[PDB]
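Structural overview
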Amino acid sequence: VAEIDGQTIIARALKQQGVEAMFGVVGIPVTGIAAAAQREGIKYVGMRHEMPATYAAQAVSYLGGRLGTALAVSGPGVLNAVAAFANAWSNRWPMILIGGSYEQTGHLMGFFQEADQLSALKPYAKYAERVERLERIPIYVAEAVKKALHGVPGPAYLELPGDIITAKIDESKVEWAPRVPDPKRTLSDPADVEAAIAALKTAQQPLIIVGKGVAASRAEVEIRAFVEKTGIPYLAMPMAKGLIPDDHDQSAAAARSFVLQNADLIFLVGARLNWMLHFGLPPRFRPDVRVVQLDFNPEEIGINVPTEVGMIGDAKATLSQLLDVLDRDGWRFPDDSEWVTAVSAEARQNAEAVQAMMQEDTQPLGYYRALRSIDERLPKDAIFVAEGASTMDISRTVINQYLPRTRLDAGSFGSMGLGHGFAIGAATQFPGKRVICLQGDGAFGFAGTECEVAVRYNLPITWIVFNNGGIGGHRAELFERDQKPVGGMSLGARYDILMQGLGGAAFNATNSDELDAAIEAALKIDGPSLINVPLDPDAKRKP
Amino acid sequence: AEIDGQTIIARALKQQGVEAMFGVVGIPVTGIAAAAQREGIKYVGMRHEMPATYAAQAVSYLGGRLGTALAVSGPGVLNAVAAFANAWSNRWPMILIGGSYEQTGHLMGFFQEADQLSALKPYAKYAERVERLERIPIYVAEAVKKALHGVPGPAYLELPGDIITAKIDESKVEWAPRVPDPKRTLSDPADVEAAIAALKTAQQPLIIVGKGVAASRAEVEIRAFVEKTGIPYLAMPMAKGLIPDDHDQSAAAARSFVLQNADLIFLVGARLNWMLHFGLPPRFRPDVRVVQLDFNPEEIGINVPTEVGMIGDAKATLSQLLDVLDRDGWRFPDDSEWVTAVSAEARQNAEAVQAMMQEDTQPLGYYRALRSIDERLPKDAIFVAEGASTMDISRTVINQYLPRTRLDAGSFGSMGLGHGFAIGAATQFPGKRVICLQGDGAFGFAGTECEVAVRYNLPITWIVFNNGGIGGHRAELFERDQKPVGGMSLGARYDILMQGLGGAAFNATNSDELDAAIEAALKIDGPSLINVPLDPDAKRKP
Amino acid sequence: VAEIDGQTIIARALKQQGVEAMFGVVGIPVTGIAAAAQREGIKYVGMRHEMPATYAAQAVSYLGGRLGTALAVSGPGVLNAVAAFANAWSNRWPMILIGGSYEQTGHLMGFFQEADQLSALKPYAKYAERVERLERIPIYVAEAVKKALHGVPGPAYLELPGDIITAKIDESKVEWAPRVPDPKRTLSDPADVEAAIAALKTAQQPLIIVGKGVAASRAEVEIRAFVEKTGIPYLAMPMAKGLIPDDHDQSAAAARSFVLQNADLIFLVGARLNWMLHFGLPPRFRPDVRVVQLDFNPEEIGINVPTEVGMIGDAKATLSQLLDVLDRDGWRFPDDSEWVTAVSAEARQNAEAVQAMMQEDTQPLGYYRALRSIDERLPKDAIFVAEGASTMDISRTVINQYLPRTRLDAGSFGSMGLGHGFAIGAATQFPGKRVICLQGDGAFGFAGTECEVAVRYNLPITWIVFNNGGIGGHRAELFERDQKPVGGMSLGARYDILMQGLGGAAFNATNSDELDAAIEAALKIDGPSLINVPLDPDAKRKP
Ligand SMILES: Nc1ncnc2c1ncn2[C@@H]1O[C@H](COP(=O)(O)OP(=O)(O)O)[C@@H](O)[C@H]1O
Ligand SMILES: Nc1ncnc2c1ncn2[C@@H]1O[C@H](COP(=O)(O)OP(=O)(O)O)[C@@H](O)[C@H]1O
Ligand SMILES: Nc1ncnc2c1ncn2[C@@H]1O[C@H](COP(=O)(O)OP(=O)(O)O)[C@@H](O)[C@H]1O
Ligand SMILES: Cc1ncc(C[n+]2csc(CCOP(=O)(O)OP(=O)(O)O)c2C)c(N)n1
Ligand SMILES: Cc1ncc(C[n+]2csc(CCOP(=O)(O)OP(=O)(O)O)c2C)c(N)n1
Ligand SMILES: Cc1ncc(C[n+]2csc(CCOP(=O)(O)OP(=O)(O)O)c2C)c(N)n1
Ligand SMILES: [Mg+2]
Ligand SMILES: [Mg+2]
Ligand SMILES: [Mg+2]
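Residues numbered from 1 in each chain as written, not as in the entry; some residues may be left out. Chains lettered and ligands numbered in written order. Part of a larger assembly, values for the part shown. Heavy atoms only, no water.

For this deposition, the record names X-ray crystallography as the technique by which the model was determined and cites 2.65 Å as its resolution.

Rendered as structure tokens:
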């Protein structure tokens, strides 16, 4: 009789499902699950809070293309990751949250951390089940991987009773499950593909919009071939920057407000008409704007704005279908058209207004001058993590991306507390790749001590914090008042000394020449670092 | 005269007795905090929603009414689910005010539009979304009502973003009267007489004092009950202080002895949960008789049959119990071998703990580092203890003398409440020292919140025990390729982290340095952190 | 080794907890639970739908004073009783819903009737747990009885996996639990009791209101002693009729709208200021009305109207406290007061306006003439079940009750589909007692075939149906139109022939003389019967 306990079955089933990384904080009763995960070949990363650990999991999934894993303590441990769990649902990102629970033999006794935690994750989960039998653990894991990756992706939660985790059983009595296949791709209806190309030919002022769904579909080659073979100006969403290099000739990112107001037809590829795109409604949009939609979630069609031609199914497959229809006709939107001309004139004018602020040298620095140094020195093959308000917002314009899936921001949920998790998760998915984590001072405080994880594991992560006074730029005079500012934080805080105390490199760049040197020094360091950037609390946030 | 929703919320809270609000502002709740300050509510801006909600629980437990937390829509509200549940686990009232999508933007994909109401229902005494702007004082008064009355617990109030900023004539607003404080209920006189009749027949009785006595404000009656009867009493972790821990009838030094040999147990304001080992063997005798006093009738007879059960306010019931004792004048014998054997096991176990407190080593141990804290902890200071052995051993070494002066993980064993409890305790008691003892694993959950104590200049002194992470980890464990799953940087300088945020820093590598570090930080008119590198192989047991 | 299966442990634990009756529809996997219940001493009643079976359980609890039990099939069986489960929550009535579920070995396989049914009952349940271990079944049952009876009473749901129900185990390994005690009574704060009597002495035009909470507290003797020793006119709620005999000299039931508008102070004993009492707000109430409240749920105080003196705790104990304060002073509200005089004059005038309609003889009958015969011939020791709209509403005025807990209506939830369940449940709790189930034709259709249960078990239940045209009185001309009436039902339906086909006695009373004879004939029958009463579709519903 060769025996095996529950925690080994969990870890072994995860490894058989292609899981390579796991994050979380150990404790009762999940400590052995992490120990078994390291023995089974899954690298464990001990975080300091369950919230960024869950964000690290979904980052590994989005970047790696398979599934990331988070481990949480029963009771308050699992419930501390509800927001990060919902963020994976808002962005349609798969993951697996593994959490302990009360022992079956201690149900209704007042057991340690005994609580109803299934109901808190169910409003956002593709899969939320409590293990009922020890010999069926691989089935629960296979079903968790299946519901999270297939269909519309989303987070999965697998609850494990405390007594099942430590219980042993003969190995031959364990019902193992085969590897859940990777998501399959569907072609769109050829009648809808022919109608989509037909509607584009009749468009007077068209505009292509590329969303993060194209990134998840790994359709960077096809979306560029479509944008280039049609000659239509495109507009990349925040996390779609990089699929097509942001310096492309047809990029309307500098004329975003212009192309969204004057477009008579819009090709919405892998994006949603949500708050990010102003719901496609006036005043930001043309009242009679036509919509061609490509989204493999059929429930997203015609939301807010009616869809003239809807194409559900895989973006990469449908883009290849649309290209074959284009190759049949050899069609091309006129290059000399005043639409491309008026968009180019609007883009260059707005780009020069941004160029004016970027060349403005100040001490303390401003948004555009500080972000200019990052854009100049960001490795094009690095991963850029941005979190905050205007710090994250303006970085969308200044910081260009040139490679697919190299930028991570707050996403469709606008969440705070994911910067450290995404950076730690990105560095774990790509061992040697450099990670730049730009954050505001307000965003940094949600998980500030997580920098120690980058020291304990020696991760090449470079943090850059804009201390402008907290949630918004608060002048020093506001803190002298009796009632301290509501969104104000210590203007004189030295987050580099915070990183220094945790065991990492420290930099306090107060001008452009100091920020230039502090960045290139942090890049050459084979480890973590934080560059404190005291920001002007009155810095202009518009060009 | 017009008024918007955010002002109505703040004015209603002020009318209900709310005096503090901890939150992280943002769309669409930023104006609520500003209105809270204009209506006379101290708003303490935090850096994360989880410690902000834990701070609201501390204000309620210490203040006696209701603390308030303000959360951003979507991720903000869902960042405090564990803290919201911790208030339910400890039966503590509070109010989590959260924004949400606008009513005009429902089913559009609005910013942070999500079902956050369902995530808090499993633990909420009240979870409702505002539907009418003019009815906000009704929603607030009903949130205060459900949280305080009955078995206390948290309440969640969801507010649509458009209602927060929508204006209306003030005369068209339905203001609600001040919700009264919870009423008291008397116990059945027949049950009270049987409880006294059961104590007389007990040969080895034991009183167990729980945090319900603290919530009941019954510290005067529970001490008058232990002395009138002469039974050795035992206080739960957060019950330390109701009766001063140096009482001549405290069986804390022989806890395992009294729980394993008592023939009868008087359960006051405590539950037979994991903390009390469910009242079951081997920690307890299988034939132990239970006399229970808990105003939640659903808690009687749990795990172990309750012989005589008394529901009703502990303070009022203890008055009945004393009134029945004042007739016969009965008292347990002083020379009884049960009290003598308890004193024999107690004075012996205390010597074993005292022996470990005399061992000076470099780095410091648990008992040596906790000895310097107990010698200098002022009796009228709020002591916050978070972690594993750091908190567990502090229940033994650190002494409490005033009622409701210790805050720990509670019945939920939650991690991430240390900073919030300390910031909430300092906000509740302005001119009062606060000591936040944390392990290095517990500190990382919300370490950046020390800047809040720097921003508001709170008299909070953090003390961190860096022993290698979640448990003691030798430096040799970090040299392997696979890093330890519960390990954290042994060389981490959390005092330099505090210095970077704007607070006083201290590093105590021995007992003499810790003695000077504590006495110095206690005289600082602001926050401070004492980093105590601990022996990764320190003695956990006496 | 003396073995025992799961279904026997459930039934034996229920019998040890004082459970005597069980209702429901058998099937997979709960059939053996009913068979074991009959062998363990619990009488099983096979219903035809899970909705009235659950209503029968809460009726047994309210009438018996302990706990009634309902048994439901997994999946759609349990989910068919969600409304009846919520009704027990709306009325603060205890019960236990026992339902099967998917086997643990078949979780996540698509098992027969596999579904998440815990989440549907949790918004209303005091206890909703799925059994996780076989040897701990008595603990689940003891905890279900405990949370349902103690504190604020309410429904409890106990889910049982299919494989645990049939699984056997050594009897010595079964962890049995002792009997959960009956609810304990609490005295109110003597400071609040002294203030309540103090406020009543200052009342100029007081009014006592007796709710069904006094019935649950079994305080019929104390509430009468208080109403009589204070001399204050009282007002009994619909299901509070009978605690004090409805022909009492101080009953203001005939002047309800008058006493609620002119009362300067109201003693709310065991009742809630909900929709039934017009929320205590104008125009139905005095704007500055003072409120003295007696409700052992502290969360109900000051709702809608502020409470001047609140007294939580047991009603019977608090009423005994208030009586001792009255006996100390010998206080009495003036009998000669114009308040008692104006209420008496208003009551006799309204009673005579009702007397006019009751003496009106018509064919088809009207509401007041048909209900007059029921009031004349209703046994004062029988149980009167009323369900419907005006049929149930007007019966509150015409049909008097003289004994505590003899009337059951729709309750605080206004639910339909409880008439048959309450009648069947009442006849099961009291074996030989006669039950009169008055219903409208619309109410009768929710569970019409349930009359067969009264035939199969030979229950002394007399059904009386008012066929007035459906949900409201619809004339025969309305059904001749193209669009059939929205709330209209067959005016010519013969529900007595429906009962006759099911095996019971039948009567079709079309006038007063026929209704008088049909009632007294149905009373002498040692079994079920239905009296069809074709009602005037234009019958006056107001005096
Ligand atoms: N592989 C895929 N093929 C096609 N569509 C996809 C794929 N993956 C995701 N999507 C779609 O992309 C959409 C994501 O849009 P969203 O992330 O809101 O846009 P944005 O990039 O502006 O945030 C989802 O609705 C999803 O249905
Ligand atoms: N005023 C009161 N009177 C009686 N019991 C109370 C009162 N307030 C709270 N309680 C009870 O005290 C119990 C708290 O138990 P618990 O917190 O587990 O004890 P501890 O944590 O101190 O061991 C709750 O079940 C609650 O019902
Ligand atoms: N034994 C009892 N002692 C005191 N109050 C009780 C008791 N049982 C129930 N109640 C109270 O009576 C109230 C029921 O009122 P309700 O049924 O709405 O009034 P009505 O009779 O008008 O329907 C509940 O709020 C409950 O708290
Ligand atoms: C969990 C969570 N809490 C709160 C918010 C609200 N929020 C959005 S951005 C932000 C902080 C913005 O400040 P910072 O990062 O310093 O940016 P800057 O002042 O440089 O623009 C906050 C609190 C959120 N999105 N998520
Ligand atoms: C929210 C939450 N996550 C995780 C845990 C599990 N847990 C219990 S104690 C602890 C930390 C113990 O470390 P530390 O405070 O350094 O203690 P020490 O080394 O002194 O024993 C953790 C993570 C918890 N109780 N709550
Ligand atoms: C489950 C449920 N469905 C519907 C209703 C709405 N409802 C209230 S009374 C009633 C029927 C009233 O008709 P009837 O009993 O014939 O009375 P009458 O016309 O004699 O007044 C209905 C459908 C309800 N209360 N509960
Ligand atoms: Mg900032
Ligand atoms: Mg530690
Ligand atoms: Mg009808």
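Attention now moves to the sheet that holds strand β5 (residues 95-101) of chain C. Two pairing modes exist for strands in a sheet, parallel and antiparallel, and in both the strands are linked by backbone hydrogen bonds. Residue and element names in this part refer to chain C. Taken in spatial order, the six strands of this open sheet run β3-β2-β4-β5-β7-β6, and their pairing is parallel. Each edge of the sheet is formed by a strand with only one pairing partner; in this case those strands are β3 (43-46) and β6 (127-130). Within this sheet the neighbouring strands show an average axis-to-axis angle of 20°, counted without direction. Sheet topology places strand β2 (residues 21-24) next to β3; four bridges connect them, and they run parallel. Residue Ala-21 lies in a different strand from β3, and its bridge partner there is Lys-43. In the packing of helix α17 (residues 419-429) onto the sheet, contacts are made with β2 and β3, and the angle to β2 comes to roughly 155°. (Pairing = 2+ DSSP bridges. Helix = DSSP H or I, 4+ residues; strand = E, 2+ residues; numbered from the N terminus. Axes fitted to C-alpha atoms, helices over the stretch in contact; angles between N-to-C directions. Contact = heavy atoms within 4.5 Å.)

Moving on: the UniProt feature "binding site: Mg(2+)" (unreviewed entry) in chain A. UniProt feature "binding site: Mg(2+)" (unreviewed entry): in the numbering of this structure it lies at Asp-441, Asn-468 and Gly-470 of chain A. Despite a sequence span of 30 residues, these residues sit close together in the fold, their greatest C-alpha distance being 7.0 Å. By the secondary structure assignment, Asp-441 of chain A is in helix α18 (residues 441-444). According to the relative accessible area criterion, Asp-441 of chain A is buried, its value standing at 1%. Sequence-distant contacts of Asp-441 of chain A, that is, excluding residues within four places in its chain, are made with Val-465, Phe-466, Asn-467, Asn-468, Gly-469, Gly-470, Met-489 and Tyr-495 of chain A together with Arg-47 of chain B. Mapping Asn-468 of chain A onto the fold places it in the loop between β17 (461-467) and α20 (495-502). (UniProt positions renumbered as here; feature names shortened; annotations may be inferred. Buried < 20%, exposed > 50% of the residue type's maximum accessible area, 1.4 Å probe, protein only.)

All names here are of chain B. Within the protein, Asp-440 (OD) and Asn-467 (OD1) serve as the donor atoms for the magnesium ion (ligand 8), at 2.1 to 2.3 Å. In this pair, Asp-440 is assigned in helix α18 (residues 440-443) and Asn-467 in the loop between β18 (460-466) and α20 (494-501), connecting sequence segments 27 residues apart. Each member of the pair, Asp-440 as well as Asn-467, carries the same accessibility label: buried. (Donors = N, O, S within 2.8 Å, 3.2 Å for Na, K, Ca; no water.)

Moving on: the pattern of salt bridges. Residue and element names in this part refer to chain B. Per the stated rule, a full pass over the model turns up 101 salt bridges over all chains. Note that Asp-328 and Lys-200 form a salt bridge whose closest N and O atoms lie 2.6 Å from each other. Within this pair, whereas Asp-328 is found in helix α13 (residues 314-328), its partner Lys-200 is found in helix α9 (residues 189-200), the two being separated by 128 residues in sequence. (Salt bridge = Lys/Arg side-chain N within 4 Å of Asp/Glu carboxyl O.)

In this section: the site of ligand 6. All names here are of chain C. The full set close to ligand 6 counts 18 residues, and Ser-390, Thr-391, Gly-414, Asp-441 and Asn-468 are the nearest of them. With respect to ligand 6, the backbone of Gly-414 contributes an N or O atom lying 2.6 Å from a nitrogen atom. Contact with the protein chains hides 74% of the accessible area of ligand 6, taken as 610 Å² for the molecule alone. At the level of elements, α16 (390-398) and α18 (441-444) are the ones that each hand at least two residues to the shell around ligand 6. For the shell around ligand 6, the leading source of residues is α18, giving three residues. A class-by-class count of the residues in the shell around ligand 6 yields six nonpolar, ten polar and two charged. (Near = heavy atom within 4 Å. Polar contact = N/O pair within 3.5 Å; in protein donor to acceptor, adjacent residues only side chain to side chain. Areas by Shrake-Rupley, 256 points an atom, 1.4 Å probe, with all protein chains shown as cover. Nonpolar A, V, L, I, M, F, W, Y, C, P; charged D, E, K, R; others polar.)

Another point: the sheet that holds strand β12 (residues 290-294) of chain A. Residue and element names in this part refer to chain A. One open sheet holds the five strands; their spatial order is β10-β9-β11-β12-β13, and the pairing between them is parallel. At either margin of the open sheet sits one strand with a lone partner, and together these are β10 (234-236) and β13 (309-311). Looking at each pair of strands side by side, their axes are set apart by 15° on average, direction ignored. In the sheet, strand β9 (residues 206-210) pairs with strand β11 (residues 265-269) via five bridges, with the strands oriented parallel. Bridge pairing in β11 links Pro-206 to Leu-265. Relative to the sheet, helix α11 (residues 220-230) contacts β9, β10 and β11, its axis offset from that of β9 by approximately 170°.

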